[PDB]
Every structure is written in structure tokens, then in C-alpha cells.
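> okay, structure incoming, though there's no sequence with it:
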Ligand SMILES: NC(=O)c1ccc[n+]([C@@H]2O[C@H](COP(=O)([O-])OP(=O)(O)OC[C@H]3O[C@@H](n4cnc5c(N)ncnc54)[C@H](OP(=O)(O)O)[C@@H]3O)[C@@H](O)[C@H]2O)c1
Ligand SMILES: CCc1nc(N)nc(N)c1C#CCc1cc(OC)cc(-c2ccncc2)c1
Ligand code: NI
């Protein structure tokens, strides 16, 4: 029914941890640069909790916040209250990025066409997890090692998977 490409944008560790105490468990400025590079000029779909942790609209992108709160408003952001409302707001977009967190990844999981997933080779303490996925009829179309240096202290890889079906 929907004609935009629904892409997940996520970074997780070896046990699918994405968050700890409503924040990121790691700092990888280089990984964040990849995110900015890949998401330039495309809508970001964010769970209300994800957005409020970020704290500000991200520039050069439509910021869409998913909440059940019908009175929720943020300057410089758009507000949606369901998957279908997001689809209406984005009906003419080429590609949208589901930017997290876990509740929002769960929400859009039946509709995901493309997965941009960074895998971090470390086991962090965490409380928030990326959902399990069946990768039947998906294919890895890109893989590259991330930059590990004094400012990026973990090993990690960028992966891109595309749904065939
Ligand atoms: N590593 C990564 O790639 C990454 C990415 C993003 C986030 N994170 C982390 O993940 C954590 C946040 O994830 P989270 O799951 O706790 O929160 P979240 O998914 O970002 O947002 C949860 C909120 O989304 C709204 N929501 C949930 N289901 C909805 C529905 N069916 N319809 C309309 N609105 C709905 C609700 O807002 P209301 O309560 O206002 O109704 C809910 O409280 C943080 O630790 C964050 O740092 C990590
Ligand atoms: C950067 C990891 C990340 N990597 C990947 N591959 N996908 C993601 N969805 C996220 C993520 C996230 C959630 C997130 C939380 C946050 O503070 C708590 C700040 C940002 C952010 C800071 C500066 N420019 C833009 C965004 C993003
Ligand atoms: Ni180095």
C-alpha cells in the first residue's frame, strides 16, 4: 500500500543492545558521521523517547516524532501518532529512515525493506534491545569495517541488507 522505501537505521552490540538508561552505551563519533552521511536529506522517524534524548531537531532532514500523545508539539518537528499517519506524511518520499528506539523498531518491523545495521564487537551493559529478525529472503549488499582509533575505541562493521521479497 505504501510506496516509500522503509529503511531501518540502527547500531547494536553483539547481544543486540542499543541503549542503556535512556542513552547510548558507547561513543563512536565516526559511526555517527556515517549515520549523518547516509540519512542526509531523508526523513528520520523517531520514537518520542529517542527524540527527547537527542534533544533537538536534526538539520537537513524532516524530523518525525512518533507518540500516542495527541497534544504533543515540538518546534521544527512533525508529530505522528501511528504507522499509517507516518505513511500519510511520507507518501511522496523516496526513502525514510526508522531511527529508533526499540518500541518504534518493533512498530515498523513488518514494513522494513532495507536494513542499515552497524554491529559493534563488544558486549555492553544495556536495557534496550533491537528486535530479532528473520533474514530469510534478505541479502547483504554492503559490508565495511568501521574506523577504530583513539577516538573510536571499539571494533564494529557497517552492514546493509535488502529485502528481496
Ligand atoms: N543504538 C541505536 O541505533 C539507537 C537508536 C535509537 C534509540 N536508541 C536508544 O533506545 C532507547 C529508547 O528506546 P525506547 O524503546 O525506550 O523508546 P522509543 O522507541 O524511542 O520511544 C517510545 C515511545 O514511542 C511512542 N510509541 C511507542 N509505541 C507507539 C505506538 N504504537 N503508537 C504511537 N506512539 C508509540 C511512545 O511515546 P509516548 O510515551 O509519548 O506516547 C513511547 O513512549 C534509548 O536508550 C535510546 O538511546 C538507540
Ligand atoms: C549514533 C548511533 C546510531 N547509529 C546508528 N547506526 N543508527 C542509529 N539510529 C543511531 C542512533 C541513535 C540515537 C541518538 C541518541 C542521541 O543522544 C542520546 C543522539 C543522537 C544523535 C547525535 C548527533 N547527531 C545525530 C543523532 C542519536
Ligand atoms: Ni587507527
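Happy to help now that I have it. Numbering: from 1, shown residues only. Ligands and ions are numbered 1, 2, ... in the order given.
> when you work out contacts or count neighbours from here on, use the C-alpha atoms and nothing else.
Fine.
> quick check, the longest helix along the chain touching ligand 2?
Scanning the chain for the longest helix, with DSSP state H as the assignment, gives helix 29-39. Yes - Helix 29-39 reaches ligand 2 (C-alpha under 6 Å from any ligand atom) through 32, 35.
> could you name the helices and strands sitting against the following helix or strand past that helix?
Downstream of helix 29-39, the next assigned helix or strand under DSSP states H and E is strand 44-47. Under the contact definition 3 or more C-alpha pairs under 8 Å, 6 or more residues apart in numbering; DSSP states H and E, strand 44-47 sits against strand 63-66, strand 95-98, helix 102-108.
> ligand 2 contacts on this protein?
Checking the chain against ligand 2 by C-alpha under 6 Å from any ligand atom, the hits are 9-11, 23-24, 32, 35, 53-54, 99-100, 117-118.
> next one: the longest helix of the chain to chain centre, how far?
Put simply, helix 29-39 sits 12 Å off its chain's centre (C-alpha atoms, centre = their mean, to the nearest Å).
> what residues of it count as buried?
Buried positions in helix 29-39, judged by neighbour count with 16 or more other C-alpha atoms under 10 Å: 31, 35, 39.
> beta partners of the nearest residue to the last one once chain neighbours are set aside?
Closest residue in space to residue 39, ignoring its immediate chain neighbours: residue 97 at 7.1 Å, by C-alpha to C-alpha, 6 or more residues apart in numbering. Note on residue 97: beta-bridge partners by DSSP bridges are residue 7, residue 44.
> state the number of residues packed around residue 135.
Residue 135 has 11 neighbouring residues, counting by other C-alpha atoms under 10 Å.
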